[PDB]
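Student: Starting off with a structure, shown below.
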Amino acid sequence: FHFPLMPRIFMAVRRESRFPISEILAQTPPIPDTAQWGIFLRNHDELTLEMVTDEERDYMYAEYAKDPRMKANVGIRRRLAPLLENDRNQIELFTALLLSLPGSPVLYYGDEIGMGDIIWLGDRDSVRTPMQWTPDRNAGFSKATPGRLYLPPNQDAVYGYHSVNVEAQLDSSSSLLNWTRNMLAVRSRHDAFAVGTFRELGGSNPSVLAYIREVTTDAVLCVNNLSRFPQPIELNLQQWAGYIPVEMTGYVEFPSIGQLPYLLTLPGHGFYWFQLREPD
Amino acid sequence: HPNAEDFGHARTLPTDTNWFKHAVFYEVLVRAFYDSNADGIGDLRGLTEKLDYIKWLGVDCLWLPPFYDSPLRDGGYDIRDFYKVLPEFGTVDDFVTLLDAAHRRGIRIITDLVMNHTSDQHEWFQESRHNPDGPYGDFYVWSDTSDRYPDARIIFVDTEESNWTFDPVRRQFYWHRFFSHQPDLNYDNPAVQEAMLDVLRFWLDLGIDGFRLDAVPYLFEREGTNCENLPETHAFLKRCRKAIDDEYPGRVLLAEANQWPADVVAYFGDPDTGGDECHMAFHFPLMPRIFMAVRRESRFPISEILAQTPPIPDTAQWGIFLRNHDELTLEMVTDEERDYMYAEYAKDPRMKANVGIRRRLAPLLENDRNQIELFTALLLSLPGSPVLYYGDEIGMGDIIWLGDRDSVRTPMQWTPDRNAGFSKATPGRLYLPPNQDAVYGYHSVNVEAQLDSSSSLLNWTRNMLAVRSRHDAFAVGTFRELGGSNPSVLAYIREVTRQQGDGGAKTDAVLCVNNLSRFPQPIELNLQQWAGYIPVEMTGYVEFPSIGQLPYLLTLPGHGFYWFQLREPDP
Amino acid sequence: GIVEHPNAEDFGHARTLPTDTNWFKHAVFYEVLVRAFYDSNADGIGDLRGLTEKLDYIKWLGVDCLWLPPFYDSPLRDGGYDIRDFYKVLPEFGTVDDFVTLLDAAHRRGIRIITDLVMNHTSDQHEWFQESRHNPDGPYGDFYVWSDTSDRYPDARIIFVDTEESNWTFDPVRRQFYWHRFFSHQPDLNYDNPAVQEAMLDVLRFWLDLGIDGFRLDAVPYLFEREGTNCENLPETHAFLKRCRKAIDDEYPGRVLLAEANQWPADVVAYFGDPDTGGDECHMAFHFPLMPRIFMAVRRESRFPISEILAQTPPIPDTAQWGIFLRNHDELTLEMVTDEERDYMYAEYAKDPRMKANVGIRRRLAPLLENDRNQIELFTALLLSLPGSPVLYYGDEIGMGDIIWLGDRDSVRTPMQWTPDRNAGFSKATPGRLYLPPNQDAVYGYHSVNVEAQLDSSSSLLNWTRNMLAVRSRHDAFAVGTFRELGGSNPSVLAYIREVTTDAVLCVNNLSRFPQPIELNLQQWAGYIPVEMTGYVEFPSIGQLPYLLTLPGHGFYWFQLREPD
Ligand SMILES: [Ca+2]
Ligand SMILES: [Ca+2]
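So the protein sequences, as listed, match chains C, D and A. Numbering-wise, the first sequence is residues 298 to 513, 523 to 586 according to the deposited numbering. Converting from the second sequence to the deposited numbering requires adding 16 to each position, the first position being numbered 1. Numbering-wise, the third sequence is residues 13 to 513, 523 to 586 according to the deposited numbering.
This is the structure in structure tokens:
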């Protein structure tokens, strides 16, 4: 497991700068041919409840403790939704990065519907409440009386089982469950995400992280905006001159790539996934 | 009845005859906003206490629906006494206290004022029926048979069987366009015209900033016509304007006319004089078109009504809000001939569900935050002065079962405390119950909760008004639609000219790009006219690449939008 | 030409229960709205087929007869009390066939069904009235009361004096005035026309052929109109009712006719008919001012407001039976019965803060008593032990609340709260589609008040209420026994004895919120052993000296007086 990815991605969105992500990706040594990295969106190891850090090799070493958000959850497992203060746009961005970055991703149960946690149950139990299936008694987890449950379901106004459950989200295709489902459906349609090369494109704007996955049989382009404000980025895609970028979630063709820098504009914490398609 | 110099005036704001063109209106019910006397009913003094919030939100003018003494059989649009505020809201003095307190922080106040009809409990009508040969015998339209004006339609065709109702005391029929307990005033009587002009003058003397004249198309009745928009009706409105211009410069007259744009343009008055009737009228079919435009993911239903709207006088200004029905009649405006979307609406499942019911912005868009932002973004950037409805800033919902108009008149949700922080009274005493469902409930949707994170809808909405107030282009600038190759993206430019010289956020050109599709969309715009200019995104002050000769490419996410300031290149 | 209407033969007749002409005297009625109980077609509106599915619950609760408010095709401008078609069930509830399916399913488990049937007026959308206005010289021109002026019957009052300015409204098509006691869209039927009398008797016969067990004839005091009178309770009105009874007794023995007459007890006794024949009009009428008196009696902590109306109620015929329920207002007019002369509590009610708050609004039992469980039990205990056949209102068994803001009559017509699941387990439809929203407040909300929750602990109000009906059904004394008030020295304690010639039962009720002792005189049952019914516990035998019983605040006891061996 590539453990410090999430803490870096987290701090990268905090700073609205791409470089804390870029750095660990650049400083990661190459691995064997059979080998594959494992990545997930958490800050602590479930065994020791320790966040990985190296006093010498981590340049963000002192930085974390100084951040108020990071400081609050030291030693406690938290879910994705609470970690990002239930910001839907962020939840999407972090998920989008998890699925498009190199290595095999691990989803944690209940994060697909944006469940929360109960920190007071324990530093590791916090994320081990019952799966919230319906807004029925015990969140549809058990028929037993509420007292018998191994852990109580979430009952607050925000992440409560009355408002956050699978049954509720199954219907509208705009729900986080259905959104998350479809993103996995897109990822499974391009091998580039799984086992393709990874070349970071850079760009003039420090708030936008753009990179290309490639298999020798798609080339895919991912542009992620770490800033909460709308950002423009001028990318250099001369190598794919003549190619037509096609946005994957809508199968929409964008203007063909030329010699001049390609301009893309993203909203706050937005992202795009383009399939680079050959000219005819 | 009382006099004005028996209550003392409120403070007068500096005289400005264009404030209404720059203002952002906030429609707030007195009964709904805040209760300070623990009676369970929102009151003037409570609304006074919460003016600091209103100021903080950044709205310029309050619009109060009718708060006059009334039996409230028709939501207070049936006025019993024009010179008396309904007991439960307070005294006339309490209204002056509100005015003065609001003016002190530059906030203006206008009010709904029904012109066509009074309640059957109004002293006038009781004198007309009891003393037919008295001085009020001709204040209302009486008849011996209900044959007169047969071309006029029954507005509420499901409740009223006729526009003539038989009074048992006077033994005669009386005319009423609305409900049988809301008799029409006889505007052919000169005394009636003078009486209503004195009603206007009363509140104007107290120092009110303007009115919204309700039900004005139905004032005069003439044979051989549908008794709507008759010349004599307009002629009376011209007197009201003259009375404003002559006696109280810098006040406003809004016209509630629920008709197609091509018809309501007549209510601004003779265009040769630059307007001599109302200052504002409402562009009613904008929202239904914007709504259907997002449904189709096509810009054209918006483009069409904007193209088909006739030009208005120089003084005049359109009023726009994000609702599908007129609060008076609960009817959605439509013209069988001139609306090409006529048959289309009934066929849409979403539109069909809410026919005849007022709904808030959040439920109308199924609580989709991205959409709520888009519709708000269009409201603030499209031509005309916008009206926000209270509680929409925090994305409150509605309770449809309370009534077709009461649905949107629940208490303002201030905190997650008992009664949503609206009143101290026991929950049973409340005039209407607060929202309690899992989605729009006061436990999850309230001002207190949203004040903290700058990501909240309240804070987002607040800042959008802050940006809009920094560029005049939005308020009173020109409107040129840019078109584009992609049908799903509506792009346009607002522009204000360099009056005697300057290069600030005053004399701006601004660019708005809106994506009506739920999927990400690219648009290639032609901005050659601003070659060399630098687009600067307003919410972040970020400079984008300078505009060139080639088409400019912008990419938006689903239901996204951008607001660019077009800034000059450096000499 | 003429109004078509279908026939009884064209549908299946439901199963018929063994003929019994006293069932209504022993029954416990359960008033349940079809729209409110259960929705099976996910339209958001409770329907006949849904109500059929939930009959097992009704059976389990232990009620004997369902009472359904009007479910006929209607524009629903007055809660369905404005009937548009007597031979058609409102589309959203189902077809007439679906009603037969309910009947047969209910009869199979011994449950009877009665229904509200408005007699005085039809909707202005009814085919008859449309034919009367359009074809004045046709066969329906005299089906409604027409006039050239609004001058006739000036002694008659306007029932809804705040909504209607006159009892005559001008029709534009016919160019004439038409009479209506109620709203302007509910024209009065002309009962002087013999054809009208026959038409309405055929309406009765239709549903009776289908196999319905009875009716509640609504608004019957206003049928006939005569000059020089207030057009209420006229002799010809009663004369027509006598025909309805004869038609029942001759064609369908063992059916019932309830009279909704919202008047003082001394007046409604006339609706049972000539007492010489032992009754020849209605079998049941409602004793309307019982609840307001019981209510004020608990307020004062004095037994006498109850004692007084029980003493001042005139005797009724042998067939006859009183109907009693725990509500302060008549669902038709939303008026609380009172007589300025004969009610001594006349001025008293308006002065009470609690009574004053709910004037004109239907409220449930639980909110009426501020959710006080001990009171809810006391009032229920009185309802089941006092003379006459009791009517339970749906949802009161689990102590549901109301939503007053929905309307003065809709307040008590929210959906039945089955589970704490979405829509309280009433429907699968999206919450917006529901005909009325379920209760959502912290007290009476469906998260905290529902059937599923209460089924488990035998201490719940549902289970308590169920068992009280189970005890009542084990002693005939409660249903059809004599009623002798025992009095006592303590004014706060109401004690009385029901007797059949085969139990004697003793009921002691404490109206005070504090514990109270009462010394009763039960010398007549000397040697007898009182046995408390809910626990089968033997108390000390009754002697010559006064018997002392001590009750807690708002407590009560039910003793079976058992013979010595
Ligand atoms: Ca008029
Ligand atoms: Ca009648």
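Ideal placement from N, C-alpha and C gives every residue a C-beta, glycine not left out.
1) Can you grab the Cα-Cα spacing for the pair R366 of chain D / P87 of chain A, in whole Å?
2) In this structure, how does DSSP classify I563 of chain C when only helix, strand and coil are distinguished?
3) For a quick check, are the C-beta atoms of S423 of chain D and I388 of chain D less than 7 angstroms apart?
4) Please report the distance separating the alpha-carbon of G493 of chain D from that of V512 of chain D.
5) Going by the beta-carbon positions, is the gap between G223 of chain A and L115 of chain A smaller than 7 angstroms?
6) Tell me whether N19 of chain D, by its Cβ, gets closer than 6 angstroms to a heavy atom of ligand 2.
7) Could you have a look at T494 of chain C and say whether DSSP puts it in helix, strand or coil?
8) Give me the subset of the stretch 432 to 457 of chain C whose CB atoms are less than 8 angstroms from a CB atom of chain A, sorted by chain position.
9) Tell me whether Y234 of chain D counts as near ligand 1, meaning its Cβ is closer than 6 angstroms to at least one heavy atom of that ligand.
10) As a quick exercise: from C:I415, C:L569, C:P432, C:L302, pick the residue whose alpha carbon is nearest that of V349 of chain C.
11) Taking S471 of chain D as the query, report the chain C residues whose CB atoms sit under 7 angstroms from its CB, ordered along the chain.
12) Taking the alpha carbon of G106 of chain D as the point to measure from, which residue in D:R255, D:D59, D:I123 has its own alpha carbon closest?
13) Out of A:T33, A:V173, A:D288, A:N386, point me to the one whose CA is closest to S471 of chain A's CA.
14) Please compile the residues from chain A whose C-beta is within a distance smaller than 8 angstroms of the C-beta of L418 of chain D.
15) So for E347 of chain A, helix, strand or coil by DSSP?
16) Under 7 angstroms, do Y264 of chain D and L220 of chain D count as touching if we go by C-beta distance?
17) In whole angstroms, what is the alpha-carbon distance linking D97 of chain A and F195 of chain D?
18) Counting pairs of Cβ atoms below 8 angstroms between the stretch 135 to 142 of chain D and the stretch 89 to 96 of chain D, do you hit three or more?
19) Looking at the structure shown, is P402 of chain A part of a helix, part of a strand, or coil, going by DSSP?
20) Are the stretch 36 to 52 of chain D and the stretch 437 to 450 of chain D touching, with three or more C-beta to C-beta distances below 8 angstroms?
21) Is it true that the CB of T33 of chain D sits closer than 7 angstroms to the CB of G266 of chain D?
22) Does any residue of chain C bring its CB to less than 7 angstroms from the CB of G556 of chain D?
23) Can you round the beta-carbon distance between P326 of chain D and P277 of chain D to whole angstroms, since I take them to be within the 8 angstroms contact cut?
24) Can the beta-carbon of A378 of chain A be found closer than 7 angstroms to that of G411 of chain A?
25) If you draw a straight line from the alpha carbon of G556 of chain C to that of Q581 of chain C, how long is it in whole angstroms?
26) Is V558 of chain A buried or exposed, if buried means 16 or more other CB atoms sit within 10 Å of its CB?
27) Could you tell me the alpha carbon to alpha carbon distance between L506 of chain A and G548 of chain A, rounded to whole angstroms?
28) Indicate whether the contact test is met: 3 or more Cβ pairs, each with one atom in the stretch 427 to 436 of chain A and one in the stretch 431 to 441 of chain C, closer than 8 angstroms.
29) Is it true that the stretch 413 to 422 of chain C meets the stretch 496 to 503 of chain C, where meeting means three or more beta-carbon pairs spaced less than 8 angstroms apart?
30) So with CB distances below 9 angstroms, who are the chain D contacts of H459 of chain C?
31) Looking only at C-alpha atoms, which of A:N179, A:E343, A:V185 sits nearest to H192 of chain A?
32) For ligand 2, is there any heavy atom lying closer than 6 angstroms to the beta carbon of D163 of chain A?
33) Going by Cα to Cα distance, which pick from D:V371, D:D330, D:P329 is closest to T345 of chain D?
34) Going by CA-CA distance only, name the one from C:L527, C:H487, C:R478, C:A482 that's closest to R496 of chain C.
35) Write down the C-beta distance between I14 of chain A and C77 of chain A rounded to the nearest angstrom, noting that I regard them as a contact closer than 8 angstroms.
Tutor: Reading from the atomic positions:
1) Here the alpha carbons of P87 of chain A and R366 of chain D stand approximately 24 angstroms from one another.
2) In the structure shown, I563 of chain C falls within a coil segment according to DSSP collapsed to helix, strand and coil.
3) Going by C-beta atoms, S423 of chain D is not nearer than 7 angstroms to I388 of chain D.
4) Using only the alpha carbons, I get a separation of about 5 angstroms.
5) Closer than 7 angstroms, so yes.
6) False, no ligand heavy atom lies under 6 angstroms from that Cβ.
7) Judged by DSSP in its simplified three-state form, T494 of chain C adopts strand.
8) Taking 8 angstroms as the upper bound on Cβ-Cβ separation, chain A lies near residues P432, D433, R434 of the stretch 432 to 457 of chain C.
9) True, at least one ligand heavy atom lies under 6 angstroms from that Cβ.
10) Here the closest residue by C-alpha is C:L302.
11) Against chain C, a Cβ distance below 7 angstroms from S471 of chain D picks out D384.
12) The residue among D:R255, D:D59, D:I123 with its C-alpha nearest the C-alpha of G106 of chain D is D:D59.
13) From the listed residues A:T33, A:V173, A:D288, A:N386, the smallest Cα separation to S471 of chain A is found for A:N386.
14) Within chain A, the residues near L418 of chain D are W417, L418.
15) The DSSP-derived three-state label of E347 of chain A is coil.
16) Yes, they are a contact pair.
17) When rounded, the separation of the alpha-carbon atoms in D97 of chain A and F195 of chain D is 27 angstroms.
18) These segments touch.
19) Here DSSP, grouped into helix, strand and coil, assigns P402 of chain A to strand.
20) In short, these stretches touch, since the Cβ pair count reaches three.
21) Contact flag set, yes.
22) Output row for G556 of chain D: interface = yes.
23) For a cut-off of 8 angstroms, the C-beta gap from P326 of chain D to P277 of chain D is around 7 angstroms, short enough to register as a contact.
24) Taking 7 angstroms as the cut-off, the Cβ atoms of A378 of chain A and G411 of chain A count as close.
25) Between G556 of chain C and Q581 of chain C, the C-alpha separation is close to 11 angstroms.
26) Here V558 of chain A is exposed: its Cβ has fewer than 16 other Cβ atoms, across all protein chains shown, within 10 Å.
27) Counting only the Cα atoms, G548 of chain A lies some 23 angstroms from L506 of chain A.
28) Taking 8 angstroms as the limit for Cβ pairs, the verdict is that the stretch 431 to 441 of chain C does touch the stretch 427 to 436 of chain A.
29) Per the Cβ contact rule, the stretch 413 to 422 of chain C is not in contact with the stretch 496 to 503 of chain C (fewer than 3 Cβ pairs under 8 angstroms).
30) In chain order: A454.
31) Scanning A:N179, A:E343, A:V185 for the CA closest to the CA of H192 of chain A turns up A:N179.
32) No, ligand 2 has no heavy atom inside 6 angstroms of this Cβ.
33) Nearest of D:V371, D:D330, D:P329 to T345 of chain D, Cα basis: D:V371.
34) Proximity to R496 of chain C across C:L527, C:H487, C:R478, C:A482 peaks at C:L527, based on C-alpha coordinates.
35) The C-beta separation of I14 of chain A from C77 of chain A comes to about 36 angstroms, leaving the pair out of contact by the 8 angstroms criterion.
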